[PDB]
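Heads up, the thing below is written out as structure tokens.
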Amino acid sequence: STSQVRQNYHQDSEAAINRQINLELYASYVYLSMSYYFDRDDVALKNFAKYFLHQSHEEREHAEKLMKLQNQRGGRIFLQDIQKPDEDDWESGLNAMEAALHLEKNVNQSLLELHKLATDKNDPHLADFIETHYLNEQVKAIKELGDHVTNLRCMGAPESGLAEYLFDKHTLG
Amino acid sequence: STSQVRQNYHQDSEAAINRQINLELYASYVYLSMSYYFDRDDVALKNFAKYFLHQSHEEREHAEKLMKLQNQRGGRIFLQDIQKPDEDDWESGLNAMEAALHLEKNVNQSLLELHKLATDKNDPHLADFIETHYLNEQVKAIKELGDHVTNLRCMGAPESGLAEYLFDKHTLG
Amino acid sequence: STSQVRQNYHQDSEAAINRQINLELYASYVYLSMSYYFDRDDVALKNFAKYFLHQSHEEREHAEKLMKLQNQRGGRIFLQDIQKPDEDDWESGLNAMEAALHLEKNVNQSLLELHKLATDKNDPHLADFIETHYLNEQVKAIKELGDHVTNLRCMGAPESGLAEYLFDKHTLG
Amino acid sequence: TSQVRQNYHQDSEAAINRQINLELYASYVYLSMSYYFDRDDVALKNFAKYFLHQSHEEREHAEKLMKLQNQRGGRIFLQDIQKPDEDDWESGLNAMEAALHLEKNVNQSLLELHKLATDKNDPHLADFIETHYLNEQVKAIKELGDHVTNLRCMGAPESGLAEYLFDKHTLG
Amino acid sequence: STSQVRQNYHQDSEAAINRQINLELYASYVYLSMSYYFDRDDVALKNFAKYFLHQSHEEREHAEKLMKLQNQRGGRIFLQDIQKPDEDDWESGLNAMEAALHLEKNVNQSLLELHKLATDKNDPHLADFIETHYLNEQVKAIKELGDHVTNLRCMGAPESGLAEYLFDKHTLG
Amino acid sequence: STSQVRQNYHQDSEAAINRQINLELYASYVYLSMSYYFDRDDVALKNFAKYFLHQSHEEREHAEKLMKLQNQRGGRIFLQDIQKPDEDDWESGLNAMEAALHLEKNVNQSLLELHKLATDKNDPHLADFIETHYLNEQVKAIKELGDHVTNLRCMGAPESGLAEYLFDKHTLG
Ligand SMILES: [Ca+2]
Ligand SMILES: [Ca+2]
Ligand SMILES: [Ca+2]
Ligand SMILES: [Ca+2]
Ligand SMILES: [Ca+2]
Ligand SMILES: [Ca+2]
Ligand SMILES: [Ca+2]
Ligand SMILES: [Ca+2]
Ligand SMILES: [Ca+2]
Ligand SMILES: [Ca+2]
Ligand SMILES: [Ca+2]
Ligand SMILES: [Ca+2]
Ligand SMILES: [Fe+3]
Ligand SMILES: [Fe+3]
Ligand SMILES: [Fe+3]
Ligand SMILES: [Fe+3]
Ligand SMILES: [Fe+3]
Ligand SMILES: [Fe+3]
Ligand SMILES: [Fe+3]
Ligand SMILES: [Fe+3]
Ligand SMILES: [Fe+3]
Ligand SMILES: [Fe+3]
Ligand SMILES: [Fe+3]
Ligand SMILES: [Fe+3]
Ligand SMILES: [Fe+3]
Ligand SMILES: [Fe+3]
Ligand SMILES: [Fe+3]
């Protein structure tokens, strides 16, 4: 049928929102895996672990906000499998930060594609939602992950375990 | 290799814990889907939605506790895909409660199998963990879902939309 | 007809839980008898009376908790007559403490048989309920009753009314 | 005989022991009703709470009667507490009706006790019954009649919505 | 003999409890020796010293709790010499942490044997006591000590005295 | 050897300090044994038990203070076995107090020998340490234990169990 509330909401937008919901859930899963990688007795960097757990919970929050948006505009939510991450072992704190930066840039690219779709379908409410609740957050996350990678490399990671210990204490602690 | 902390932790227990982690994540996903089903403009039962969102967040919490346990005993976490739920449309509040009761009983059965495995491998710490943090919680959840189903049927749901409206207000609100 | 919530709960366990409910109600009745025995004008030991009244209300709470457990697991409560205590006159403070020690040890033996039955039926939830709420409380109750009996004997009870008076004041006061 | 006994007939002592057993019986009945409404296939929480409160109240009444027996120098003799007549209380309305009938029976026993007290010229016992039991019983009977009337008027027990709404709005 | 409170308490259990009392006292002695080793003017790692002193006092508390248990169940405490630790010089913070992990795992193995004994003698109160107050505490202590050993090796200890200095400041501080 | 902080600290003094450390640990063990003797269900004098447990912990504190002293002066701690007490059964409160007075006087004799040693080696810091933290404490403890023995004998202990009961309530309580 058609929703009593639906207005100026193109089916391509609805579909892209379902895709973005799955993507946010996937990012949440990736962050959860990294978090509990740093909780291992043979890794044992508890501030890395908590930083990535916080990222996980925020990604789940963004997915729930996209679901709420979908219901707000009168589209229908269709969920798909959440794929396991591409690694079970994240090697080191610097490698985890680099993978997280890569993930965030890929999510940002998919968000930019969704904003271009909203613009092409003349959906100003969807474009504004994407701008206010996602684009700047993505820019901030990417700047922060770049900062962390820069510091970890400059400190001598991943060769120097002292570097990751001290960065876990003084930046992430 | 072998963990410096591992002691009396059988590989079958480690594997069953990885399976249980996936199962808890799956239950979290099921509850999230039901929650946002009741947020639809054509369903619009906001206390059903929030009840199931709370269940979702608690299931994710239990999954994270199982991951922490796995790392505590010196096993290694291996994550798998989180399968999408078996339905996208949950029909009604009573049907959602019935499906949730079914889900909870299946999870309880898998937890009882894990406790029998801990007992058969003479792992008293694992059995006690399962007892203190899971079994009674499962019994309580199942009793509560049975209560809710009983009330919703006695009120005349799902034929009576007034019944689900008033139950959403007075029990779940 | 099978309850919608029943899972891994044996007929024998349900029957034994009904039996234990009746046993706890009986213990509450026995302690109530003892309490108001020490309230008599020709005994007049107010702190013995209060001690046994407190025990009686505690036993009632235990009975109600077992009734709650029975309903949680999907069993059906069936109550029986609460038999009157074996005495109307409890003779002395020392004799009442000794009778309470005997009663508590018999209730403990019943609980141990109940835990054995839960274990033989592979019911970890029921066994953990027993351990958590009853076993240690019984052990401490028995230890305290033994302490009281020892002190009363050492002081010269029951031949010395001065001893029972001073014990009622300084230990139970 | 007790050093405190004065103007306390044997028949009064026996009637008080009977009343102690009766109050304990009512406490048992209310406990059974309470946990009937805690079953997963009934699941009316405020009915359960209400009847549990009544059960504890009747236990308090029994203990007060035992205290009176000791105060007047009589001797307490306990008997078996008979199990309630039902294990399954059918519905909220049926349970309220059974509670009304039970309270009326208990009130009749208390009135016989009071008449016995005045027959034996025991003004202290008659006043004890008046002060602590008669008005409490009349108020309980009135409240239970109110509950029955409202449940019937709402469509109980045929309407499950009626019992659910009464449980929420009156007993909650 | 035979205590007035004794019930379902096997003589093998009483003996094993006496052994475990001595074991906990010995661990408290080992920890006290480590603590004051790090108090030496030629070692002078004050947070290492405090950490091991705290562990010493907690092991003393576990011993006293086992003695309370023994009296509770009606067994009779029989004490034995507390053997001096196997070393006087503990070499370094990393070596002390490694020795502590070894000791904790040996104590855990003995606790697991005691739990197996309790289970084999159908003593659910003793088994539950062991599960409640010792098993999870020992798993947590082993995980923490493993974490510390991992971090110290990672920072370059013991070849790097700066590593132990910084670990004492930032993790044990 | 020879510490960087060592000054005016004779090897005989270092050895005597190690002996005194072991002596204080032994007294702490004797007091712990007395304490839990009075915790038995067939003794059950709870304030006697608390009194002796407090003494146990204070003797442990004296031992730790001597170890701190040893490290302060540049000596090296060498620990020895803590011998089990000479009894397992302490008979009565009066007999325990008498044994405690005997032990305290023996410890005081050793402390006086240590002070004579410090004086003979012209070590005013060690002599002043002994005077400040041990001599008056030992005189006070001996006076108190003598007071308690006098009062217990006076009340008719040990032939009067009422005497020990009342002394536990009114003096140790
Ligand atoms: Ca896949
Ligand atoms: Ca792959
Ligand atoms: Ca790969
Ligand atoms: Ca815009
Ligand atoms: Ca799939
Ligand atoms: Ca499907
Ligand atoms: Ca389907
Ligand atoms: Ca267990
Ligand atoms: Ca009047
Ligand atoms: Ca009047
Ligand atoms: Ca347990
Ligand atoms: Ca001086
Ligand atoms: Fe995101
Ligand atoms: Fe992001
Ligand atoms: Fe769960
Ligand atoms: Fe659950
Ligand atoms: Fe009980
Ligand atoms: Fe009890
Ligand atoms: Fe009444
Ligand atoms: Fe009444
Ligand atoms: Fe309403
Ligand atoms: Fe320990
Ligand atoms: Fe330990
Ligand atoms: Fe420990
Ligand atoms: Fe001392
Ligand atoms: Fe001393
Ligand atoms: Fe002293």
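What's counted below: heavy atoms across the whole structure, side chains too, no hydrogens, waters or symmetry copies. We name chains A, B, ... by the order of the sequence lines, and we start the count at 1 in each one.
- For A/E61, the CD atom counts as loosely surrounded, since its 6.0 Å shell holds 12 or fewer non-hydrogen atoms of other residues, nucleotides or ligands.
- Closest approach of E/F167 and A/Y165 over heavy atoms only: CA-OH, 3.6 Å.
- Put simply, CG on A/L45 and SG on E/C154 are 7.5 Å apart, with the number rounded to the nearest 0.5 Å.
- Near-neighbour residues of residues 138-147 of chain E relative to chain A, defined by a heavy atom under 4.5 Å from a heavy atom of that chain, comprise E/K143, E/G146, E/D147.
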Start with the C-alpha gap between A/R40 and E/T150, add the side-chain angles, then the distance that decides, and say whether side chain to side chain contact (heavy atoms under 4.5 Å, CB included) holds.
CA-CA 10 Å; A/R40 285 162 54 157; E/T150 295; over 6 Å; no
Please walk me through it: do E/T171 and A/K169 pass side chain to side chain contact (heavy atoms under 4.5 Å, CB included)?
CA-CA 9 Å; E/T171 298; A/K169 289 303 191 198; 3.2 Å; yes
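- Looking at E/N151, its side chain does come within 3.5 Å of a backbone N or O of A/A44 through a donor-acceptor pair.
- Heavy atoms from other residues, nucleotides or ligands lying under 6.0 Å from CG of A/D86 number 12 at most.
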